[PDB]
>>> print(open('structure-v9.pdb').read())   # PDB, C-alpha atoms
ATOM      1  CA  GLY A 346     108.091  97.582 104.580  1.00  0.00           C
ATOM      2  CA  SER A 347     105.924  95.828 102.003  1.00  0.00           C
ATOM      3  CA  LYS A 348     108.435  96.207  99.238  1.00  0.00           C
ATOM      4  CA  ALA A 349     106.556  94.008  96.793  1.00  0.00           C
ATOM      5  CA  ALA A 350     103.249  95.746  97.363  1.00  0.00           C
ATOM      6  CA  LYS A 351     104.790  99.261  97.340  1.00  0.00           C
ATOM      7  CA  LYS A 352     105.946  99.026  93.748  1.00  0.00           C
ATOM      8  CA  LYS A 353     102.593  97.742  92.547  1.00  0.00           C
ATOM      9  CA  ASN A 354     100.405 100.055  94.624  1.00  0.00           C
ATOM     10  CA  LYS A 355     102.524 103.126  93.932  1.00  0.00           C
ATOM     11  CA  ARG A 356     101.723 103.005  90.240  1.00  0.00           C
ATOM     12  CA  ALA A 357      98.253 101.482  90.796  1.00  0.00           C
ATOM     13  CA  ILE A 358      97.035 104.622  92.526  1.00  0.00           C
ATOM     14  CA  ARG A 359      98.160 106.612  89.503  1.00  0.00           C
ATOM     15  CA  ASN A 360      96.652 104.091  87.053  1.00  0.00           C
ATOM     16  CA  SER A 361      93.286 104.940  88.574  1.00  0.00           C
ATOM     17  CA  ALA A 362      93.103 108.121  86.467  1.00  0.00           C
ATOM     18  CA  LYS A 363      93.415 105.851  83.470  1.00  0.00           C
ATOM     19  CA  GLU A 364      91.058 103.131  84.742  1.00  0.00           C
ATOM     20  CA  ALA A 365      88.445 105.505  86.132  1.00  0.00           C
ATOM     21  CA  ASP A 366      88.894 107.904  83.206  1.00  0.00           C
ATOM     22  CA  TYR A 367      90.475 111.356  83.419  1.00  0.00           C
ATOM     23  CA  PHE A 368      86.986 112.369  84.565  1.00  0.00           C
ATOM     24  CA  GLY A 369      86.538 114.639  81.591  1.00  0.00           C
ATOM     25  CA  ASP A 370      89.707 116.536  82.387  1.00  0.00           C
ATOM     26  CA  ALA A 371      91.829 114.707  79.831  1.00  0.00           C
ATOM     27  CA  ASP A 372      93.237 118.084  78.711  1.00  0.00           C
ATOM     28  CA  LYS A 373      95.044 118.326  82.015  1.00  0.00           C
ATOM     29  CA  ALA A 374      95.913 114.634  82.057  1.00  0.00           C
ATOM     30  CA  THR A 375      99.524 115.395  82.659  1.00  0.00           C
ATOM     31  CA  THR A 376      98.749 117.632  85.599  1.00  0.00           C
ATOM     32  CA  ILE A 377      96.293 115.057  86.948  1.00  0.00           C
ATOM     33  CA  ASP A 378      98.803 112.172  86.755  1.00  0.00           C
ATOM     34  CA  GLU A 379     101.549 114.270  88.294  1.00  0.00           C
ATOM     35  CA  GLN A 380      99.355 115.250  91.247  1.00  0.00           C
ATOM     36  CA  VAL A 381      98.460 111.605  91.838  1.00  0.00           C
ATOM     37  CA  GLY A 382     102.162 110.841  91.803  1.00  0.00           C
ATOM     38  CA  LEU A 383     102.824 113.477  94.450  1.00  0.00           C
ATOM     39  CA  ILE A 384      99.953 111.797  96.290  1.00  0.00           C
ATOM     40  CA  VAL A 385     101.525 108.326  96.143  1.00  0.00           C
ATOM     41  CA  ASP A 386     104.994 109.665  97.061  1.00  0.00           C
ATOM     42  CA  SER A 387     103.750 111.545 100.088  1.00  0.00           C
ATOM     43  CA  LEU A 388     101.770 108.502 101.237  1.00  0.00           C
ATOM     44  CA  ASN A 389     103.335 105.398 102.787  1.00  0.00           C
ATOM     45  CA  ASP A 390     103.113 101.613 102.273  1.00  0.00           C
ATOM     46  CA  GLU A 391      99.946 101.290 104.183  1.00  0.00           C
ATOM     47  CA  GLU A 392      98.256 104.269 102.734  1.00  0.00           C
ATOM     48  CA  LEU A 393      99.075 103.144  99.178  1.00  0.00           C
ATOM     49  CA  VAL A 394      97.383  99.806  99.692  1.00  0.00           C
ATOM     50  CA  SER A 395      94.519 101.315 101.663  1.00  0.00           C
ATOM     51  CA  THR A 396      93.551 103.718  98.948  1.00  0.00           C
ATOM     52  CA  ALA A 397      94.292 101.228  96.192  1.00  0.00           C
ATOM     53  CA  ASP A 398      91.987  98.716  97.813  1.00  0.00           C
ATOM     54  CA  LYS A 399      89.171 101.247  97.701  1.00  0.00           C
ATOM     55  CA  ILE A 400      89.894 101.955  94.064  1.00  0.00           C
ATOM     56  CA  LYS A 401      89.392  98.285  93.190  1.00  0.00           C
ATOM     57  CA  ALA A 402      86.209  98.433  95.204  1.00  0.00           C
ATOM     58  CA  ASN A 403      85.020 101.280  92.996  1.00  0.00           C
ATOM     59  CA  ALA A 404      86.967 101.477  89.778  1.00  0.00           C
ATOM     60  CA  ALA A 405      84.392 103.783  88.311  1.00  0.00           C
ATOM     61  CA  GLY A 406      84.894 106.342  91.024  1.00  0.00           C
ATOM     62  CA  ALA A 407      88.590 106.058  91.842  1.00  0.00           C
ATOM     63  CA  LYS A 408      88.628 109.856  92.016  1.00  0.00           C
ATOM     64  CA  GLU A 409      86.796 109.566  95.354  1.00  0.00           C
ATOM     65  CA  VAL A 410      89.850 107.839  96.778  1.00  0.00           C
ATOM     66  CA  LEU A 411      92.345 110.145  95.091  1.00  0.00           C
ATOM     67  CA  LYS A 412      90.473 113.163  96.444  1.00  0.00           C
ATOM     68  CA  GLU A 413      90.497 111.513  99.847  1.00  0.00           C
ATOM     69  CA  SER A 414      94.193 110.957  99.747  1.00  0.00           C
ATOM     70  CA  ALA A 415      94.803 114.430  98.382  1.00  0.00           C
ATOM     71  CA  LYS A 416      92.832 116.097 101.146  1.00  0.00           C
ATOM     72  CA  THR A 417      94.502 113.811 103.738  1.00  0.00           C
ATOM     73  CA  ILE A 418      97.934 114.910 102.457  1.00  0.00           C
ATOM     74  CA  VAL A 419      96.939 118.579 102.610  1.00  0.00           C
ATOM     75  CA  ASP A 420      95.493 117.845 106.025  1.00  0.00           C
ATOM     76  CA  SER A 421      98.778 116.609 107.380  1.00  0.00           C
ATOM     77  CA  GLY A 422     100.572 119.469 105.681  1.00  0.00           C
ATOM     78  CA  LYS A 423     102.675 117.314 103.402  1.00  0.00           C
ATOM     79  CA  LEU A 424     101.571 118.990 100.240  1.00  0.00           C
ATOM     80  CA  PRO A 425      99.963 122.361  99.768  1.00  0.00           C
ATOM     81  CA  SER A 426      96.457 122.280  98.337  1.00  0.00           C
ATOM     82  CA  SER A 427      97.826 124.180  95.322  1.00  0.00           C
ATOM     83  CA  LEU A 428      99.890 121.134  94.246  1.00  0.00           C
ATOM     84  CA  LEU A 429      96.844 118.898  94.281  1.00  0.00           C
ATOM     85  CA  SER A 430      94.546 121.616  92.980  1.00  0.00           C
ATOM     86  CA  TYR A 431      92.506 119.265  90.782  1.00  0.00           C
ATOM     87  CA  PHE A 432      91.457 116.919  93.542  1.00  0.00           C
ATOM     88  CA  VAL A 433      91.629 119.315  96.433  1.00  0.00           C
TER
END
>>> encode(input="structure-v9.pdb", output="C-alpha coordinates")
Amino acid sequence: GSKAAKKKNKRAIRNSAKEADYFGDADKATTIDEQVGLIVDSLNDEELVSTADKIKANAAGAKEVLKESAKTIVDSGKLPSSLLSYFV
(Lines of atoms letter the chains of each structure in order from A and count residues from 1; the text may use other names and numbers.)
(Lines give C-alpha, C1' and ligand atoms only; values in the text may rest on other atoms or scores of the structure.)
Protein backbone atom coordinates (compact mmCIF):
# COMPACT_ATOMS: atom_id res chain seq x y z
CA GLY A 1 0.00 0.00 0.00
CA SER A 2 2.92 2.36 -0.57
CA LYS A 3 1.27 4.16 -3.42
CA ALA A 4 3.91 6.86 -3.67
CA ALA A 5 6.79 4.41 -3.65
CA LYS A 6 5.07 1.96 -6.05
CA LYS A 7 4.99 4.41 -8.92
CA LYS A 8 8.63 5.36 -8.48
CA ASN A 9 9.98 1.86 -7.83
CA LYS A 10 7.93 0.27 -10.59
CA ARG A 11 9.74 2.24 -13.26
CA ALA A 12 13.01 2.38 -11.27
CA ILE A 13 13.47 -1.37 -11.57
CA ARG A 14 13.10 -1.02 -15.32
CA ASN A 15 15.41 2.02 -15.45
CA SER A 16 18.15 -0.25 -14.15
CA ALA A 17 18.69 -1.66 -17.66
CA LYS A 18 19.39 1.89 -18.70
CA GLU A 19 21.48 2.83 -15.65
CA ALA A 20 23.42 -0.42 -15.50
CA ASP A 21 23.65 -0.61 -19.30
CA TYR A 22 21.83 -3.14 -21.48
CA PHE A 23 24.78 -5.36 -20.55
CA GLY A 24 25.88 -5.62 -24.14
CA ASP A 25 22.49 -6.87 -25.24
CA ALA A 26 21.30 -3.51 -26.53
CA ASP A 27 20.03 -5.27 -29.68
CA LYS A 28 17.36 -6.91 -27.58
CA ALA A 29 16.78 -3.79 -25.51
CA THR A 30 13.10 -3.92 -26.16
CA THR A 31 12.85 -7.53 -25.05
CA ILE A 32 15.01 -6.77 -22.01
CA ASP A 33 12.86 -3.79 -20.90
CA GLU A 34 9.65 -5.72 -21.46
CA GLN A 35 10.86 -8.64 -19.33
CA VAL A 36 11.81 -6.25 -16.53
CA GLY A 37 8.33 -4.80 -16.79
CA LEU A 38 6.76 -8.23 -16.42
CA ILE A 39 9.11 -8.55 -13.45
CA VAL A 40 7.89 -5.35 -11.78
CA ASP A 41 4.22 -6.16 -12.51
CA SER A 42 4.43 -9.63 -11.03
CA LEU A 43 6.22 -8.28 -7.95
CA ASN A 44 4.50 -6.31 -5.18
CA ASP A 45 5.13 -3.04 -3.28
CA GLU A 46 7.65 -4.56 -1.01
CA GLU A 47 9.46 -6.51 -3.61
CA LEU A 48 9.75 -3.44 -5.87
CA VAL A 49 11.47 -1.44 -3.16
CA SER A 50 13.55 -4.38 -1.99
CA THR A 51 15.06 -5.00 -5.37
CA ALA A 52 15.31 -1.31 -6.17
CA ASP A 53 17.23 -0.72 -2.98
CA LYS A 54 19.78 -3.31 -4.06
CA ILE A 55 20.06 -1.68 -7.45
CA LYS A 56 21.05 1.63 -5.85
CA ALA A 57 23.52 -0.32 -3.78
CA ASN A 58 25.07 -1.63 -6.98
CA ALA A 59 24.10 0.44 -9.97
CA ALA A 60 26.81 -1.16 -12.02
CA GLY A 61 25.39 -4.61 -11.52
CA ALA A 62 21.64 -4.02 -11.40
CA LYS A 63 21.29 -7.14 -13.53
CA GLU A 64 22.13 -9.18 -10.41
CA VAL A 65 18.93 -7.91 -8.84
CA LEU A 66 16.85 -8.26 -11.99
CA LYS A 67 18.05 -11.84 -12.39
CA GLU A 68 17.18 -12.42 -8.75
CA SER A 69 13.71 -11.09 -9.18
CA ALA A 70 13.27 -12.97 -12.43
CA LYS A 71 14.26 -16.29 -10.90
CA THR A 72 12.10 -15.53 -7.82
CA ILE A 73 9.09 -14.93 -10.11
CA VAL A 74 9.74 -18.17 -12.00
CA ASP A 75 10.22 -19.81 -8.62
CA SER A 76 6.78 -18.85 -7.44
CA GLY A 77 5.34 -19.79 -10.80
CA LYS A 78 4.12 -16.33 -11.69
CA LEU A 79 5.95 -16.15 -14.95
CA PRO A 80 7.38 -18.94 -17.03
CA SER A 81 11.14 -18.86 -17.45
CA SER A 82 10.54 -18.39 -21.19
CA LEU A 83 9.09 -14.89 -20.60
CA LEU A 84 12.15 -13.80 -18.67
CA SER A 85 14.52 -15.76 -20.89
CA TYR A 86 17.26 -13.11 -20.82
CA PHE A 87 17.65 -13.01 -17.07
CA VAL A 88 16.51 -16.50 -16.28
>>> closest_residue(input="structure-v9.pdb", among="A:424, A:385, A:404, A:410", to="residue 364 in chain A", atoms="all atoms listed in the file")
A:404
>>> resolve_selection(input="structure-v9.pdb", expression="the PyMOL selection byres ((chain A and resi 380) around 12)", output="number ranges by chain")
A: 358-359, 362, 373-379, 381-387, 411-412, 414-416, 418, 424-433
>>> write_last_selection(input="structure-v9.pdb", atoms="C-alpha atoms", output="PDB file, in the frame of the given file")
ATOM      1  CA  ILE A 358      97.035 104.622  92.526  1.00  0.00           C
ATOM      2  CA  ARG A 359      98.160 106.612  89.503  1.00  0.00           C
ATOM      3  CA  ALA A 362      93.103 108.121  86.467  1.00  0.00           C
ATOM      4  CA  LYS A 373      95.044 118.326  82.015  1.00  0.00           C
ATOM      5  CA  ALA A 374      95.913 114.634  82.057  1.00  0.00           C
ATOM      6  CA  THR A 375      99.524 115.395  82.659  1.00  0.00           C
ATOM      7  CA  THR A 376      98.749 117.632  85.599  1.00  0.00           C
ATOM      8  CA  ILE A 377      96.293 115.057  86.948  1.00  0.00           C
ATOM      9  CA  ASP A 378      98.803 112.172  86.755  1.00  0.00           C
ATOM     10  CA  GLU A 379     101.549 114.270  88.294  1.00  0.00           C
ATOM     11  CA  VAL A 381      98.460 111.605  91.838  1.00  0.00           C
ATOM     12  CA  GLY A 382     102.162 110.841  91.803  1.00  0.00           C
ATOM     13  CA  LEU A 383     102.824 113.477  94.450  1.00  0.00           C
ATOM     14  CA  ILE A 384      99.953 111.797  96.290  1.00  0.00           C
ATOM     15  CA  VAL A 385     101.525 108.326  96.143  1.00  0.00           C
ATOM     16  CA  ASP A 386     104.994 109.665  97.061  1.00  0.00           C
ATOM     17  CA  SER A 387     103.750 111.545 100.088  1.00  0.00           C
ATOM     18  CA  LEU A 411      92.345 110.145  95.091  1.00  0.00           C
ATOM     19  CA  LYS A 412      90.473 113.163  96.444  1.00  0.00           C
ATOM     20  CA  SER A 414      94.193 110.957  99.747  1.00  0.00           C
ATOM     21  CA  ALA A 415      94.803 114.430  98.382  1.00  0.00           C
ATOM     22  CA  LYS A 416      92.832 116.097 101.146  1.00  0.00           C
ATOM     23  CA  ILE A 418      97.934 114.910 102.457  1.00  0.00           C
ATOM     24  CA  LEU A 424     101.571 118.990 100.240  1.00  0.00           C
ATOM     25  CA  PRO A 425      99.963 122.361  99.768  1.00  0.00           C
ATOM     26  CA  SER A 426      96.457 122.280  98.337  1.00  0.00           C
ATOM     27  CA  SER A 427      97.826 124.180  95.322  1.00  0.00           C
ATOM     28  CA  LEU A 428      99.890 121.134  94.246  1.00  0.00           C
ATOM     29  CA  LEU A 429      96.844 118.898  94.281  1.00  0.00           C
ATOM     30  CA  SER A 430      94.546 121.616  92.980  1.00  0.00           C
ATOM     31  CA  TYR A 431      92.506 119.265  90.782  1.00  0.00           C
ATOM     32  CA  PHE A 432      91.457 116.919  93.542  1.00  0.00           C
ATOM     33  CA  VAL A 433      91.629 119.315  96.433  1.00  0.00           C
TER      34      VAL A 433
END
>>> atom_distance(input="structure-v9.pdb", atom1="CA of residue 423 in chain A", atom2="CA of residue 405 in chain A")
27.3 Å
>>> closest_residue(input="structure-v9.pdb", among="A:403, A:421, A:397, A:347", to="residue 360 in chain A", atoms="only C-alpha atoms")
A:397
>>> atom_distance(input="structure-v9.pdb", atom1="CA of residue 363 in chain A", atom2="CA of residue 391 in chain A")
22.2 Å
>>> closest_residue(input="structure-v9.pdb", among="A:402, A:365, A:371, A:393", to="residue 346 in chain A", atoms="only C-alpha atoms")
A:393
>>> atom_distance(input="structure-v9.pdb", atom1="CA of residue 354 in chain A", atom2="CA of residue 369 in chain A")
24.0 Å
>>> decode(input="structure-v9.pdb", residues="range 379-414 of chain A", atoms="N, CA and C atoms", output="CSV table (one decimal), in the first residue's frame")
chain,number,residue,atom,x,y,z
A,379,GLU,N,11.0,-5.1,-21.6
A,379,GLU,CA,9.7,-5.7,-21.5
A,379,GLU,C,9.7,-6.7,-20.4
A,380,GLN,N,10.7,-7.6,-20.3
A,380,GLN,CA,10.9,-8.6,-19.3
A,380,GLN,C,10.9,-8.0,-18.0
A,381,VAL,N,11.7,-6.9,-17.8
A,381,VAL,CA,11.8,-6.3,-16.5
A,381,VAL,C,10.4,-5.7,-16.1
A,382,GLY,N,9.6,-5.3,-17.1
A,382,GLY,CA,8.3,-4.8,-16.8
A,382,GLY,C,7.4,-5.9,-16.3
A,383,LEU,N,7.5,-7.1,-16.9
A,383,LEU,CA,6.8,-8.2,-16.4
A,383,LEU,C,7.2,-8.6,-15.0
A,384,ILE,N,8.5,-8.4,-14.8
A,384,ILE,CA,9.1,-8.6,-13.4
A,384,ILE,C,8.4,-7.6,-12.4
A,385,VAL,N,8.4,-6.3,-12.7
A,385,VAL,CA,7.9,-5.3,-11.8
A,385,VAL,C,6.4,-5.5,-11.6
A,386,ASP,N,5.7,-6.0,-12.6
A,386,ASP,CA,4.2,-6.2,-12.5
A,386,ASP,C,3.8,-7.4,-11.8
A,387,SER,N,4.7,-8.4,-11.8
A,387,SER,CA,4.4,-9.6,-11.0
A,387,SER,C,4.9,-9.5,-9.6
A,388,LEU,N,5.8,-8.6,-9.3
A,388,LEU,CA,6.2,-8.3,-8.0
A,388,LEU,C,5.2,-7.4,-7.2
A,389,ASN,N,5.4,-7.1,-6.0
A,389,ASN,CA,4.5,-6.3,-5.2
A,389,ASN,C,5.3,-5.1,-4.6
A,390,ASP,N,4.6,-4.3,-3.9
A,390,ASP,CA,5.1,-3.0,-3.3
A,390,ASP,C,6.5,-3.3,-2.6
A,391,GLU,N,6.5,-4.3,-1.8
A,391,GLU,CA,7.6,-4.6,-1.0
A,391,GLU,C,8.8,-5.1,-1.8
A,392,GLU,N,8.5,-5.9,-2.8
A,392,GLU,CA,9.5,-6.5,-3.6
A,392,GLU,C,10.1,-5.5,-4.5
A,393,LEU,N,9.3,-4.5,-5.0
A,393,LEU,CA,9.8,-3.4,-5.9
A,393,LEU,C,10.9,-2.7,-5.2
A,394,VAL,N,10.5,-2.2,-3.9
A,394,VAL,CA,11.5,-1.4,-3.2
A,394,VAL,C,12.7,-2.2,-2.8
A,395,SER,N,12.5,-3.5,-2.4
A,395,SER,CA,13.5,-4.4,-2.0
A,395,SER,C,14.6,-4.6,-3.1
A,396,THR,N,14.2,-4.8,-4.3
A,396,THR,CA,15.1,-5.0,-5.4
A,396,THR,C,15.7,-3.7,-5.8
A,397,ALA,N,14.9,-2.7,-5.8
A,397,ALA,CA,15.3,-1.3,-6.2
A,397,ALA,C,16.4,-0.9,-5.3
A,398,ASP,N,16.3,-1.1,-4.0
A,398,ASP,CA,17.2,-0.7,-3.0
A,398,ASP,C,18.6,-1.3,-3.3
A,399,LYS,N,18.6,-2.6,-3.7
A,399,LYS,CA,19.8,-3.3,-4.1
A,399,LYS,C,20.4,-2.7,-5.3
A,400,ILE,N,19.6,-2.3,-6.2
A,400,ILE,CA,20.1,-1.7,-7.5
A,400,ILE,C,20.8,-0.4,-7.2
A,401,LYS,N,20.3,0.4,-6.2
A,401,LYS,CA,21.0,1.6,-5.9
A,401,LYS,C,22.3,1.3,-5.1
A,402,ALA,N,22.4,0.1,-4.5
A,402,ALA,CA,23.5,-0.3,-3.8
A,402,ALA,C,24.6,-0.8,-4.8
A,403,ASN,N,24.2,-1.2,-5.9
A,403,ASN,CA,25.1,-1.6,-7.0
A,403,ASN,C,24.5,-1.3,-8.3
A,404,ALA,N,24.6,-0.1,-8.7
A,404,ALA,CA,24.1,0.4,-10.0
A,404,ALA,C,24.8,-0.2,-11.2
A,405,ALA,N,26.0,-0.6,-11.0
A,405,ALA,CA,26.8,-1.2,-12.0
A,405,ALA,C,26.4,-2.6,-12.3
A,406,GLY,N,25.7,-3.2,-11.3
A,406,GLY,CA,25.4,-4.6,-11.5
A,406,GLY,C,24.0,-4.9,-11.2
A,407,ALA,N,23.1,-3.9,-11.6
A,407,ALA,CA,21.6,-4.0,-11.4
A,407,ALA,C,21.1,-5.3,-11.9
A,408,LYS,N,21.7,-5.9,-12.9
A,408,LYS,CA,21.3,-7.1,-13.5
A,408,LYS,C,21.2,-8.2,-12.5
A,409,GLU,N,22.1,-8.2,-11.5
A,409,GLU,CA,22.1,-9.2,-10.4
A,409,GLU,C,20.8,-9.2,-9.7
A,410,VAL,N,20.2,-8.1,-9.5
A,410,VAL,CA,18.9,-7.9,-8.8
A,410,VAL,C,17.8,-8.3,-9.7
A,411,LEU,N,17.8,-7.9,-11.0
A,411,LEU,CA,16.8,-8.3,-12.0
A,411,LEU,C,16.8,-9.8,-12.2
A,412,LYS,N,18.0,-10.4,-12.3
A,412,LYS,CA,18.0,-11.8,-12.4
A,412,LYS,C,17.5,-12.5,-11.1
A,413,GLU,N,17.6,-11.9,-10.0
A,413,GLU,CA,17.2,-12.4,-8.7
A,413,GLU,C,15.7,-12.4,-8.7
A,414,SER,N,15.1,-11.3,-9.1
A,414,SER,CA,13.7,-11.1,-9.2
A,414,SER,C,13.1,-12.1,-10.2
